[PDB]
Every structure is written in C-alpha cells, then in structure tokens.
Amino acid sequence: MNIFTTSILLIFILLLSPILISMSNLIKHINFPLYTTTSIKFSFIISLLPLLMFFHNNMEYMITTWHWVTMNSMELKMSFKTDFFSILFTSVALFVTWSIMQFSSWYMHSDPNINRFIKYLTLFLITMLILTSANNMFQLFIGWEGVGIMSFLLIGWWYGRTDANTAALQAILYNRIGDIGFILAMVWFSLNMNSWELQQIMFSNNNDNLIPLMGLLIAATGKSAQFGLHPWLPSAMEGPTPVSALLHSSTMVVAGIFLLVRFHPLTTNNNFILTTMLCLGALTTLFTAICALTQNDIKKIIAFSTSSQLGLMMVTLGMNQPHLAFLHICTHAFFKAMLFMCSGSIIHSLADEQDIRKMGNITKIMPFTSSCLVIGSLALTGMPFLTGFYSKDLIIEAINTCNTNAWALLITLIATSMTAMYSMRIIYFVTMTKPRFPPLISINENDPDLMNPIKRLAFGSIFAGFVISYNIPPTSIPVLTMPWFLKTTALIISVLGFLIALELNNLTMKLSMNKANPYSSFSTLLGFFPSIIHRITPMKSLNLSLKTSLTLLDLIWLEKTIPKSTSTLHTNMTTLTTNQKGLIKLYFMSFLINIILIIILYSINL
Amino acid sequence: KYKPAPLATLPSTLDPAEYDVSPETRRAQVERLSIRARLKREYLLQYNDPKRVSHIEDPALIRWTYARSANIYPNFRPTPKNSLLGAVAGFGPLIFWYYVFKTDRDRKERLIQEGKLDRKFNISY
Amino acid sequence: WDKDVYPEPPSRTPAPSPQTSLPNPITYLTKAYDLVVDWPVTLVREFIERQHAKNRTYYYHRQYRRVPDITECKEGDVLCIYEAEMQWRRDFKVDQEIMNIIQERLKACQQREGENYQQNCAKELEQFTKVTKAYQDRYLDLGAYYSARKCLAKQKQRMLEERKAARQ
Amino acid sequence: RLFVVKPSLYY
Amino acid sequence: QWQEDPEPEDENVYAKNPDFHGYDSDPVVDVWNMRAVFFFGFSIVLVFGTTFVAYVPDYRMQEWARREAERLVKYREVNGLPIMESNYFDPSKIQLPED
Amino acid sequence: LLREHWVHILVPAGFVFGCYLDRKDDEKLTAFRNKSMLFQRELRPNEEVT
Amino acid sequence: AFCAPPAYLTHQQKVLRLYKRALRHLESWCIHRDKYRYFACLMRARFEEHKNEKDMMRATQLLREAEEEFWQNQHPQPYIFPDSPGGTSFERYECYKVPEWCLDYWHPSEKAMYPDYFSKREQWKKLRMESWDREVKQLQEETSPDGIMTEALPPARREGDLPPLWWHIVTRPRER
Amino acid sequence: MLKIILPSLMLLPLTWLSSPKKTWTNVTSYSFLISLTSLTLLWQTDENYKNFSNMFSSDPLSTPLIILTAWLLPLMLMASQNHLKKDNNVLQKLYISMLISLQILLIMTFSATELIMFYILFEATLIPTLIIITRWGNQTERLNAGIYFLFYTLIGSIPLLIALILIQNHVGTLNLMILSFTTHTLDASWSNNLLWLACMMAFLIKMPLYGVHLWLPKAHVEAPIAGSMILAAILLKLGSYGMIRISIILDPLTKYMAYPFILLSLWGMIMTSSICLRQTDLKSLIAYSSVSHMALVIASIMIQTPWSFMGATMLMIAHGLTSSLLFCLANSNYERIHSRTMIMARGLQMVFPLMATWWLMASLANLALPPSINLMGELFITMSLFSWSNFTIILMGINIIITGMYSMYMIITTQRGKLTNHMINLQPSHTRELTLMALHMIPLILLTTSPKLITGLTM
Ligand SMILES: CCCCCCCCCCCCCCCCCC(=O)OC[C@H](COP(=O)(O)OCCN)OC(=O)CCCCCCCCCCCCCCCCC
Ligand SMILES: CCCCCCCCCCCCCCCCCC(=O)OC[C@H](COP(=O)(O)OCCN)OC(=O)CCCCCCCCCCCCCCCCC
C-alpha cells in the first residue's frame, strides 16, 4: 500500500512539473515539447504498474490525501478511487497523449505558441485524470468543468477565426446544460444522504433515485453527444487535428459514459433510465451515421462516427453492460485517434484541405498513412480481432440476446452497417481513385515524430483487445448460446455494408448526373437541427432580453412608476403651493379661513 | 419552390428588385455608392494620415449607443398593449411561480405534520 | 489512532501459490522499491524523530467544567444564558464531529467489503441510522439562528405529542 | 529569413 | 460662441520614460512607488499574512471538537451507552404544562 | 531631512495609541475576572488571572 | 479584396458569375475530372446556344429562370477553397497579423537587435511625412464637382509623387 | 479594533502634510500595513466571539468584510492614480481623504454592536461616495446618478430608523446578542408585518432588489474606478450584514413575509443575466452581473438556513473581489480608449497577451469555475433553495446558463476576435494595473485553499 499509492500520485506530480516549468524562465532555454513528451512517457510507464498489481489481485483502493473543509457534518477532501476503470483509463489516455504530443510537435511547427498549445494539452489531461479518478462528486465536477473550459481554449486557438469561437461557445452552452443535471444530482445526494462520496451514495440502491439519474443522464447527453445536445462535437473540428484526436475521439466525450458506469450500482434497478438510454443512444447511432454518409470532410466524418460509437456505448449501458461499455471506451481510443492522426498527416502534406473530393491515390503516394487508415477502418468496422471485435461483438450479441426494444435492436444494426458504409467511402474517395488534387507535390511522411506515434497506436489497435480481455476479470456472464444468424450478424452486416458502398460508389462513375434528393439533402444538412434551432432559440432569447427586460421593464416602466412619479407629484404640488402673488388681501383671507377652521375644530370636538 | 422566411431570407438572385433597369433604380444605386465612397474617402483621410496619435471615432456607433440607452424614455408614450405588455411581463410569471412554490411548500408541510414522509439521512439543510 | 474508535478489522491475506514457472515482476520491483525509496526515507524520518526525541514538547486537551443549563436559567438573565448557549454550541460542534466519525466509519466498511457490503456492512449502517435519528430529533429544523432555547422548544413540542400518544 | 512583427512583451 | 480651452491631446509616456511603471512621470518616484507596492503587498502581507493565518491554531475549535468526540465515542461504546440520544436535555428537570 | 521624513512617526504612534486604549478598555470591565461559573480558578500560581 | 463593386452589376457580369457558380457546383457534384469536363462542355453548349441573342427582356427572363434552376439543383455542401470564406482557413492567421504601429511602443533594448531593420523603418516615415500633403491636393484637385463620386483612386502623375492613400495597402502583413 | 481605527485616522495628516511626491507612496504602504494588522481578528481559537468594548465587536461574519475593506483601500489608491494625475495636489489629497473616510466608516459599521451606530455609519457612507461620483465623474448624468443613489438609500433608511426606535422603546436596548438572548416570538399582526417591511427595505435597496436596482448601473457607469470598486464590493454588503443581524428578532414572520422577495430575486436574476447579453456598456453589464449575484444572497438570507448563510457570505466576498477585478480591467481600456462601448475595441490578446489572462480568470470565476468560492457559494445556495422547494433548480440552471453565456461574450467581444488595427493609442500594459489584477486574484486562490475563514456564523 506504499507502492500503489506512490505510483498513483507520481503521475500527477509529473504532469504538474511541466506547468511549473511553464511559469519559470527555463522555457526560453529548454525544449518544452520534448520535455513534456518525456514526462508523459514516464507517467505512462509508471501507470503501467498499478495495472499489473490489479490484474493480479483485483484490489481497489480509496485514497484520501488532504482535508479541505469541514462543513457541519459534511467533510470535503481530495479522494481518489483507484479501481479497474480508473487505472486502465489512465494508462490508455497517457499512452495516447504521448503519441498525440509527438504528432503535435510535428504538426504544429511554425506556430509560435506551440508551448502554450502543449501546456493546454497537458492541462486538459490533468483535468480528465481528475474526472476519472475522483472519489467525490465535487472533485469530479472540477474535472468536468476543466475539460469543458480546456475545450473552449483549444477550439479557439485561432481566435481570429469567427467560427472557432462560435464552436467554443456552443460547447460551453451545451455542457452548461448538462451541468444543470449534474448539479441537480449533487443536490439530491447532498440532501438525502448528507454526502457526495460514492461509498455513502451506494447505500441508496433501495431508494428511488430517479431524479438524480435523470440529471446524470442529461449531463451525459451534454458532455457526450446525443441527439439533443450533439451538434457541438462536429463543430469542434474547427480546432487543430491533435485536439480533435484527443478531446473529441478518446477523451472529454466518454466522460458521461464513465459517469454512468461509476453510477451503475443505481441504474441496475430503474427500468425507466435503462429504457431511455436504450431508446436514445440508438437514436444517435443512426442519426449520425446517416449524416456521415454524405459529408465531404474527413474530420466531420470521423466525428459523426465517434458520436455513433458513443450512442452504441449508451445502448450497451441501457442494456445493463457497463463493463462492456467501458471496454469499448478503451478499445475505441486507439483507432479513433490513429484515424485523426492519418487525416492530419494527409492534410499537412497537402495545402490544408480536408475535402475528400480533392484527394486520391493515397494508397500509392502515401503508403504509411494509407495502411494505418485501413487498419483503423477495419478495427472500427469490426474485423474479427483488431480491437473492435472484443467489444463490439459482445455488444451486438447482448443487444439481441437480451429482452429489449425491437426498434433500437434494428436501427442499432442499420447504423453498425452505415459504419462500414462511410468507412468504405473514406477508403474509396481518399485511397483508391485518381489524384484530383493540385499538381504541385511536396509530400513527405518520413519524419520519426510522425512515423513512430502511428506505428505505436497501430500496434495498440491490433493487440489491446487481446491483452485486456484476457487479463480483466469476468464481471458479467455472456451468452455463447445462439443461432448463427445472431452469432455472425455484426460481421455479415458489415460485409453487406462494404458491398453496398462499393456498388453505390462505382455508380459515382457512369456519366449519370447527380439529381439532388431530399434524403441526401437531409443527411448533408444534419437534419436541419442546427440550421433551425441555432436560429430560432437565439432570436427569441435575445429579442426578449432586449425589448422586454432592458427596454420595456428597466428603462421604461420601473422608471415611469417609482422615481418619475415621485418627481412629477412633488413638482406639481410645488407649483401649486408656490403660485403665490404678493397680495395681502389673499394672504389675509387665507388666514381668516384658518381661524375659522380652528375655531370650528375646537367648538366641534371640544 | 423556395419559400422565403424572416430567418432564411430571400437571396439576391431571386429578388426581382435585382435585374430592374429603371432609371429610378440605377440612379438611386449610383447615389448610394457615391455616399459610400465619400464616407470611405473621409475615413481613409484619417486612417493613413500621419501625425495621428489618437484613434478614430465612430459617430454612427455613438448614435447607436445613445439611441439604445438614453433616447428611450424621452420618446416613451404609455399606450394600450404597452401598459399591458409591461404589466404581464412584470407580474404574471411572479404569480405563476408564487403559486407553484406555495403549493409545493404547503404539501410538504402537511406531509411532515402527518409524519407520512421519509427524511432518512437528512441532517443538513 | 485508537482502534476502538476506528475499528479497522484484520486482514486475511493468503499464501502466494505460483502454479507456474514464469517469474513475477511485482516482487522484484517491490524489492527494488524497498531498497531505493524506503531505506533512505526511513533513515531521514529516523533522524527527524531523533531531533524530536531530544527536544520533545507536550500539549494538553483542554477540559471544560460544566455550567448550569438553560433549564435553571431565568427568562431574561443573560449572565447565565451566555454560559448555557456557549455550552450548547460546544456540544453541537462535538456532535457534528461524532456524526462525521460515524460516516468516516461507514465509508471504510463499504470500500472494504465491496460486493459484500449489503450483508457485511449492516451494524455500521444501523449505527448511522440511529445517530441520524438522534441528530434529527435534536437539531433538524432549528434554523440558521439555532440556540439552546430553540432546541428546548423543539424538545417540548415533541414531548407533549409523545405524552398525548402515551395517554392514548 | 524574415522579420516577425510582435508587440513589446518587455513591460 | 464662448471662451474655453480646446480639448487636449493624447500623451504617450513611454516616449520619454521607456522604463515607465505607471505611477508618476518622475522616473525615480515611479520606481520607488512600484518598489514599495511590491515589497509591502506581495513580500510581506501575502507571505506573512498567509503564514500567520495558516499557523492560527484550532480555528473555531474544529480540532478540539474532533478530539473530544473521539473521547466521547470511546467512553460510551465502552460503557455500552449509546453514541447520541434523542433529547438534549434530561426530561426530569423539565416541568411540562398539564394541558 | 526631518521636514520630509518626520511623517513616519504618526501611523505607528497610532497603532500604539490604539493598543493603549484597548489596555484601558480591558482595565475596565475587570468584573467577573474569576467569577465565571466555567473558569473559577483558585489563584494558586498568581494574583491576577486577566 | 482589391477593388470595389460598381453601383450596379451588368447583365454580362451577372451571366458570367452564374456560369462560374454553376461550374463550381458541377465540380462539387461530379467528383471525377472526366465527368466534370463532359458536363462542363455540355453546360457551355447550353450557354452558347443563347449568346447571339439581343432581346433584353427575353434575356432577363432566361436569366431569372436559370437562377431558379440553379437554386433548385445546387449542391448544398459545395467545395470551398481553404483560405476562402466558408473554408477551414478563412481568418486563421489574423492572430499573427499584427500591425506596424505596434513597434512604436517597443523598448530600446528590444530594437537594439534588428538595428538595421529599424533604421529602414525610420526613413520609411521620412518618406511619409513628406509624401502626405501632395496626396491630399491630388484628391482635392482631381475631384468631380458635379457631385458624382465612387470608390476609385488615381495614380501619381509626376516623378517623386506617390499614389494617394498607399500607406495601408503597402505595409500590410503577410498572409502566411 | 482601535489599533485598526486610530492608524486609519492618522492616514489623514500623513496625506495632507506629506510632500506632493511621497503622499501616494506613503499612504499606500501604510494602508497595506493596516490590511496586514487587521488579521488579528482571525485569531479565533474558540466559538466565543470577540468583544473589545461596549461599542465594538467582531464575528466570523464581520471579520472577512473588515479585512476585505482594509485590503481594497490601497488597490483603490493605485487605481485612482493614472486619472486625476494632472489634477492639483490638493484635489488628489481630497480624493485620498475621501477613500480613507470610507474605509474607517465601513470598518466601524462592520465592527459595531448597536443598530443605531450601524445606522448612522451606513448612512454616513453616502457623503464620500456622492462626492467622489459627482466631483470626479466624466459624464453629465453623474448628478442624477448621485440623486438616485442618495435618495433611494434615504427613503429606504427612514422607516428602519423608526423601527429601531420602536424596538429601543419596547425592549430597552438595541444591543446585539442581547436582542438575541431576550428575543420573543411575535403575534403575526399587521403592525409587526410593517415592522418587518421597514427593517428590511433599507437593506433590500442597498443590495439591489430587482425592482429597485435602478441606482447601481447609473452609479457604476458614471462613477470613477475606486467608487465603482467600493460600491460593488462593500456597499452592496452593508445590506446583507444588516439583514443577517436584524432577522434574528423578526421571527417567525419571515416564514411568510419573504415570498415576494424570493420571487423577485429568483426572477430578476434571469431578467438581469439576460440584459448582460444585450447591453453595450461593459460597466453596466458588470453592474447587472452584480445584481444577478446579489439576488442569490437576498433569496438565501430570506430562507434562514446554515448552508444558505454560508453560501451568502462566500458569494459576498467572492463577488466583491471579482467585480472589483472586472471593473479595473474595463478601466485599463477606458484609460486608453475613452469609451465604455465593448464592441468598439476588439482583437486584443494580441498586443495585451497577458491581461487577456486576467480577463479570462475573472470570467472563469464569475461563471463559477470549480474549485472556487463563487461556486462553493452558488452550490450551497442552490441546495438550500432545493430543500426549500425543488422547483428552484429550474431558474438556477437558467441563470447558470445565461452567466456562462455573457461572461464569454464579454471575453470574446474584447479579446478573441481580430484587432481594430486603427488603434494607435494602445499604450502597453502598466505594471501598476497588472499588480492591481494580481492583488485581486491571488487572494481568491488563497481563500479557495482555506475557505474555513469564509463560511460564517453557522459553520
Ligand atoms: C478572510 C479575509 C477575506 C479578505 C480577502 C483579502 C485578503 C487580503 C489579505 C492577504 C491574504 C491573507 C491570507 C489569506 C488566507 C491564506 C490561507 C492560508 O494561509 O493557507 C492555509 C493552508 C492550510 O490550511 P489550514 O487551515 O492551516 O489546514 C486545514 C486545511 N485548510 O496552507 C496553504 O495552502 C498555503 C499554501 C498556498 C499554496 C497555494 C497553491 C495554489 C494551488 C492552486 C489552487 C487553484 C484553485 C483556484 C482555481 C480556480 C480559481 C479561479
Ligand atoms: C416613492 C415611494 C413613496 C415615497 C413616499 C413615502 C410616503 C410615506 C407613507 C405615508 C405614511 C404611512 C405610514 C404611516 C406609519 C403608521 C405607523 C406604523 O405603521 O407603525 C406600526 C409599527 C409599530 O406598531 P406596533 O409596535 O406593533 O404597536 C403599535 C405602536 N407601538 O411600526 C411600523 O411598522 C413602522 C412603519 C413605518 C412606515 C413604513 C412605510 C411602509 C414600509 C414599506 C415601504 C418602505 C418604502 C418607503 C415607503 C413607500 C410607500 C409606503
């Protein structure tokens, strides 16, 4: 209990060190990118050990480090819950951010504030590690908001671009909408349990706990991407490919699913939460893949695919398979980062163009990234053993083996096919056709800072599922008893999607003009969700803020009523009483009226 | 066919005002452009002018702020639909929320008085 | 650390049964740790404890004589009410700490048992429910301006109803 | 090689 | 029109005092003012303030309270008594009104 | 030098005057010096507690 | 980004711009170069079929109908070059496009390096306080007193005079 | 306490018979030393409170207000320095004396024991503020602003005086903790309801209720930076202190004679956070922010729970610091551009790359970024109001959203676009104002590390 805890806190000390050199004067006399990358490397090597000790013993720990406050029977302290989830996610995220820092030192040259970029990356990593290892809702909220703000600071790197800022504020807005529910849950737990710690909160397994779960579900829809709060993730492609790869493929988007797995001891007995999960996550697998079938940008395609996979993980959460959802979280990062990686390689090789309609022959002009892209696409589709299988196969088996909703059970698979559809689209329009890009050619992918990270993430994407699934413990019994048309459905339908895509893409030839259609227009313009919501809701909110509150109430009526009325009244009475002309006759007649009134008062009351 | 809306406006192509060749159109366009160019020349005789230590002012921005801020009450006039909008916006929601909260509080209090409630672990408020 | 206040039950740790022929890193890693982290830090703490031992100092836990309660405290005499109210605030704070101790005693048991907390973590939950009932009967609905007099009014507004129940 | 315009940063 | 001076003009300070600090035109006074600020606000108050406040002991008895609570829990759990009762004041000394 | 550096004797003089007036105020209010039902001591080590 | 629109676009300009946009959206729709060339030749035939026509009313009618056909057959996700509006690089280096006057506040120990640079910057001012007065007269004297005016500017007609209002078209930052 | 007040009284001669070159330096240094000495109040080793005399006293609620008051002084000195720089030595000495008098009176009224002394000082706080706002403002509506401020305050304060007399007659004292150890319940009659109204309206005006918030935006927009700072930090807190002290005797009336104000607060919160989206004046935006934040304080005092009072105190201090910081940040630009219009100057963070951080952190606080005391207050107010009634969370979330919106709006329309390259008069950042911002921030870090000094009476 000395080696485990020391190894747990050492990674935080290390991650902090760079930011300490960021305040010192050594930056201008150090290679900050290389130093930070080595820090991340050693942090990963350190985090590898707790993983071994857990795989061996299966022992979880709670570590309270510092007393912050004592509020009248309610303590608050720094508390880390080192469990399977935390210790595995830490290793995965560090192993990924290593590759990402290297590829960033490659991709962001000519940017003077590359030091600032690296600092922000490591700060986000720290916030995510807090979120992931928190044994306390307040610490988890710290991580939540740190992620949400690092997103604003990274989407916005190019603060002259008037669209990156719109995207940043969009993310802020949606994540605050999720924070609403997060705070609702925190309040319910603080009142009905006088605590904020998983330990005490786990004694509400018999209580009703529907309102806090609704709150957490809203927070998950927010931080992750689901049909109600999804659009901010595609609009996050306005930022550099490294942050698109870290904050939007592997981290900052599995946060809600991590929340729900941490709170799985309470969703196990609420068939209204599990049933809105299963009927919502599936509504995104379909609605985004559709969107990912007629978009022309590699980044947007990848983001929509990420959203679809997240819907799939929410589906397997609803079907009561939290460990499976988390296994997918962890086996998804490898290839959904290597894909952004090869995308950014292709882009920086060309003249900063992301539209597939102006690239081709990559399979021959750029073998390395083509091979890695194909590997990632296969792993994503579900090829029998490339880190996709070990999670997606079990998910797609449980989906049909459980008693479920028979429309989700269908659209989930339709989207699982659209996966291979748009993957084949990428493959065919970027790596199989003729070079419809400009004529000047300065391709170069022979830089180790680019070759080694992808090599590494590819070894990962190939062997991580094996290495994990054959070491983790069996916290759930699966069903290996079923017909062939359920045991092979994922593979079969991925193949059918590939073939349908081959056909419909070869039809892109044949000199037959492309008559626009409403289906494709819908899938292209996002179902118009943004185009309409982001135009009505602002208009109403703002026309109200202006014409009603500021104008009608404040600058008009709350003036007309109190102060202007006082002034009018007193000025009028002033005029009345000071309209006097110096006439002694009138003054004395008034004196006489006064005398009469006084005599009368006296003689009457008496 | 494209049905315009106040949030998805009509383009310039489909605007029959465009393609109009009437002199009452082209003359007006020329005059508008002349005004625009006079203003741009005025502004560029200040931008690039050396010996300028300060910044450039914007009388249009000043007018806009003064209108949105201080020219409101001097032109305000009480009218029907104005008194009504004000009264509603000011009071209606307060009454709504008052009755919401009061119903909830009364219900909670009668429950507690009857003892029919479960306040397990509530030791903070 | 008094183990009676903080139980910390014992630890049933089993024998390592390496039914294989391939080595185990964790063991040699722990040995290397013992050699290159423990040894020097232990020596340093020994040195610091030496300095302590040679310049020790002692500090005492302050005792508080008991003063009259509100019950024998007149209805407007403040020299007594001050003493009584200070005493009540003191006991209120100590009760806060008691409840916090119970909760710190329950979280540990939950984390320890794990999947057996629904069967092996019951007496602690019962102590928690009981002390919760007591805290509720003493201090629940007083208010920001809580005081011994409000606590007494609560006590009496409870006891009159309990007396009615008793008689019928 | 060229000259990159920048503010002071000394203050 | 009427008699009045004309609006004055902006005035760069760095032109004459590139080592300007913000306080006064006189360079030595500027420097000594910034020095006094930095040495009385940062070097003393924040540092010694933080130190004193951190080494204020037993702020509002939150420590003695924990110690005494441990003592009480021990005493009571040892003598079989309960850890806390439902009535603060012993209902003997109290004298209720009879309806 | 004094005509420009004698103004450093006021504010510390004020601090000391304040401490002195506090001393006067607590020289008053002497009653209950040891008649508190909580801190009734026996004057064994000294002659005045406060 | 270098000129100003005229008070009104002429039928020729309208038709040319419609042709350009139609071809760009044809490119968007047809991903392959062979297809693009095929249908671009087809479209240019469609256009040339009505080049020797002169009836202005029927011409404007054909144009008003072709624009509607375009709005009905336009790609909703067309290709935009990166550095152009709607592109993924529009206003991306405005963060580093710092102006020139930001160097008048530099500190002697900052211009102590790049001394050969700042010496030129100086005489570039001497070339400005002298070339200013005559840039006004050239505008005053070249003014249309008949009221008419537009956003154009003349060159200098001398040896030594410089184009009026140059300091901001010159001296502007790189694009990078 | 007298060791805190006598030196503050001596800062005056120092100011007047100091040479025209060392007065600023000397008075600022000694003000910092006063801020330092004021930490004696934090030596609270027991639950017993401090009582130095029959006239003075300190509590866990009055100590933080007092220390913030003694800390803000040298900051206001430093900030009022660039302007009134050409102004005559005599005039600037007058300014310094006004500031010092405000300091002394605020310390007195926070350390007071008697409601009527509290009253005379809470009403003497008007003279210096009015004088600063009218004699050193730049517009022509500062006169009307002072009228509004002064007379709102006095109209609210008269009935409070009358109620204090009624009490001093029924009971024989206005002394605190005696009004506590002798308080009685009431009859729930109309006379006592009007007593409640009287006792409260003064403070409900001095911290702007929704409907009587029409003196704060004026005063801010028209006042100089030191006036803005003190108004935002402490003058909005006098009401909170007064209500937390006077609500002990009005029981049990506030259980039902508080609904209207809870409603007005929870609604005006939204209706001002929304104005913070479509206001053009940065100063008025920040004023409406102050209003939307004080609404929570009001609604939390109204419900009388320990968590509520704790959050009230935390948010009081936090908002004080943050509002002062934001006001000084806007002033830094005003001094360079002479226009409060926000959208005029843009694309900063290019020439002022560091002040763009202070701009950012002051925004991270206002939108309650954890870990921070802004949030440690908002959260507990939310929990208290959720226990009150679960339907308050709706309005709380709406306000949270609008806050997160307008904070980033204020950030982006000033620091995160592209520059107004036609701004030749952007004198680089002064060490003085960078130090202002640092002195504002660092104490927030320290109070976030040790929020035990900031909970209040209950905790
Ligand atoms: C109350 C009056 C209110 C008025 C405000 C104006 C104040 C002006 C006067 C100057 C300030 C005087 C002192 C301020 C309080 C200092 C508190 C302190 O001394 O720190 C104590 C702390 C140990 O705390 P202690 O109580 O002894 O032990 C129990 C656990 N707290 O020991 C320490 O932690 C000290 C070490 C400090 C290290 C700082 C490290 C920063 C860590 C980053 C945190 C970031 C959190 C904020 C991020 C979001 C903010 C936007
Ligand atoms: C633009 C706004 C308008 C500005 C102009 C203001 C016009 C002033 C109003 C005209 C005068 C009407 C008030 C007459 C006071 C009547 C006496 C009274 O109400 O006192 C009763 C109560 C004490 O009664 P109690 O102790 O129970 O026993 C009997 C007395 N020993 O003691 C009390 O309750 C004291 C009551 C003092 C008066 C309170 C006035 C209303 C308070 C709420 C609003 C305050 C804002 C200013 C007034 C607005 C208009 C009312």
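Its PDB record attributes the structure to cryo-EM, giving the resolution as 3.17 Å.

In the annotation of the PDB entry, chain H is listed under the name NADH-ubiquinone oxidoreductase chain 4 and assigned to Mus musculus. UniProt annotates chain H under Function with the comment "Core subunit of the mitochondrial membrane respiratory chain NADH dehydrogenase (Complex I) which catalyzes electron transfer from NADH through the respiratory chain, using ubiquinone as an electron acceptor. Essential for the catalytic activity and assembly of complex I." On record in UniProt, under Subcellular location, the comment for chain H is "Mitochondrion inner membrane".

Looking at the PDB entry, one finds chain A named NADH-ubiquinone oxidoreductase chain 5 and attributed to Mus musculus. Turning to chain A, the UniProt annotation filed under Catalytic activity states: "a ubiquinone + NADH + 5 H(+)(in) = a ubiquinol + NAD(+) + 4 H(+)(out)". Recorded in UniProt under Sequence similarities, the annotation for chain A is "Belongs to the complex I subunit 5 family."

## Comments concerning the packing of helix α2 (residues 78–113) of chain C against helix α4 (residues 123–139) of chain C
All names here are of chain C. Direction vectors running N to C along α2 and α4 enclose 155°, while the axes themselves pass 10 Å from each other. With respect to their mutual orientation, α2 and α4 come out roughly antiparallel. The two elements α2 and α4 cross, and the hand of that crossing is left-handed. Contacts between α2 and α4 involve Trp88, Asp91, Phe92, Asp95, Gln96, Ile98, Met99, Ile102, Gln103, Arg105 and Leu106 from the former and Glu124, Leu125, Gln127, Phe128, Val131, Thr132, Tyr135, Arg138 and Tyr139 from the latter.

## What to know about helix α1 (residues 27–54) of chain E
Along its 28 residues, α1(E) runs 38 Å from first to last C-alpha, staying within 8% of the 40 Å computed at 1.5 Å per residue. At E:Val45, α1(E) shows its largest bend, some 30°.

## Details of the site of ligand 1
Within the structure, ligand 1 sits among 16 residues, and E:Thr50, E:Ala54, H:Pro371, H:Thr449 and H:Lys452 are positioned closest to it. Those residues lying near ligand 1 are distributed over chains A, E and H. The contact in question runs from an oxygen atom of ligand 1 to an N or O atom on the backbone of E:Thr50, over 2.8 Å. The contact in question runs from an oxygen atom of ligand 1 to an N or O atom on the side chain of H:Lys452, over 2.2 Å. Relative to its unbound accessible surface of 1,300 Å², ligand 1 loses 74% to contact with the protein. Elements supplying a minimum of two residues to the shell around ligand 1: β1 (61–70) of chain A, α1 of chain E together with α3 (62–79) and α19 (431–449) of chain H. Classifying every residue of the shell around ligand 1 by side-chain character gives 10 nonpolar, five polar and one charged.

## Comments concerning the interface of chain A and chain H
Residue-level contacts link 44 residues of chain A with 51 residues of chain H. Together, A:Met71, A:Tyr159 and A:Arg176 form the three largest contributors to the area buried by chain A at its contact with chain H, with a combined 16%. Summed over the shared surface of chain A and chain H, the result is zero salt bridges. Listed by contribution, the elements that provide at least two residues to the side of chain A that touches chain H are β1, α5 (137–154), α6 (164–193), α24 (529–561) and α25 (563–577) of chain A. At 13 residues, α6(A) tops the list of elements feeding residues into the side of chain A that touches chain H. Taken together, the residues of the side of chain A that touches chain H break down into 31 nonpolar, eight polar and five charged.

Rules and cut-offs
Per chain, the count goes from 1 following the written sequence and can depart from the entry's numbering; residues without coordinates do not appear at all. The order in which chains are written sets their letters, starting at A; the order in which ligands are written sets their numbers, starting at 1. For these chains, which sit within a larger assembly, all listed values pertain solely to the part presented. For side-chain calculations, the full set of non-hydrogen atoms in the structure is used, while hydrogens and water are omitted. UniProt positions are given in the numbering used here, feature names are shortened, and annotations may be inferred rather than shown by experiment. In this analysis, axes come from line fits to C-alpha atoms, helices being fitted only over the stretch in contact, and the angle between any two N-to-C directions falls in the range 0 to 180 degrees. The numbering of helices and of strands both runs from the N terminus, where a helix is a DSSP run of H or I of at least 4 residues and a strand a run of E of at least 2. Angular relationships are summarised with four words: roughly parallel below 35 degrees, roughly antiparallel beyond 145, roughly perpendicular across 65 to 115, and oblique for the angles in between. For any pair of crossing helices, the crossing counts as left-handed if the nearer helix is rotated counterclockwise from the farther one by less than a right angle, and right-handed if it is rotated clockwise. Residue contacts are defined here by distance: any two heavy atoms, one from each residue, within 4.5 Å place the two residues in contact. Each residue after the first adds 1.5 Å to the expected span of a helix. Fitting axes to the seven residues that end at a residue and to the seven that start at it, the angle between those axes gives the bend at that residue. In these notes, residues near a molecule or strand are those with any non-hydrogen atom within 4 Å of it. Under this definition, polar contacts are N or O atom pairs within 3.5 Å; protein pairs additionally need one hydrogen-donor-capable and one acceptor-capable atom, and for neighbouring residues in sequence, both atoms have to be side-chain atoms. The Shrake-Rupley method, run with a 1.4 Å probe sphere, supplies the accessible areas, and residue values consider only the shown protein chains as cover. Charged means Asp, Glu, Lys or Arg here, nonpolar means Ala, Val, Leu, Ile, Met, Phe, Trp, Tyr, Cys or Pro, and polar covers whatever is left, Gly included. Summed over both partners, buried area is the accessible surface (1.4 Å probe) that two parts give up on being assembled. Think of a salt bridge as a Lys or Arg side-chain nitrogen and an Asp or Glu carboxyl oxygen that are within 4 Å of each other.

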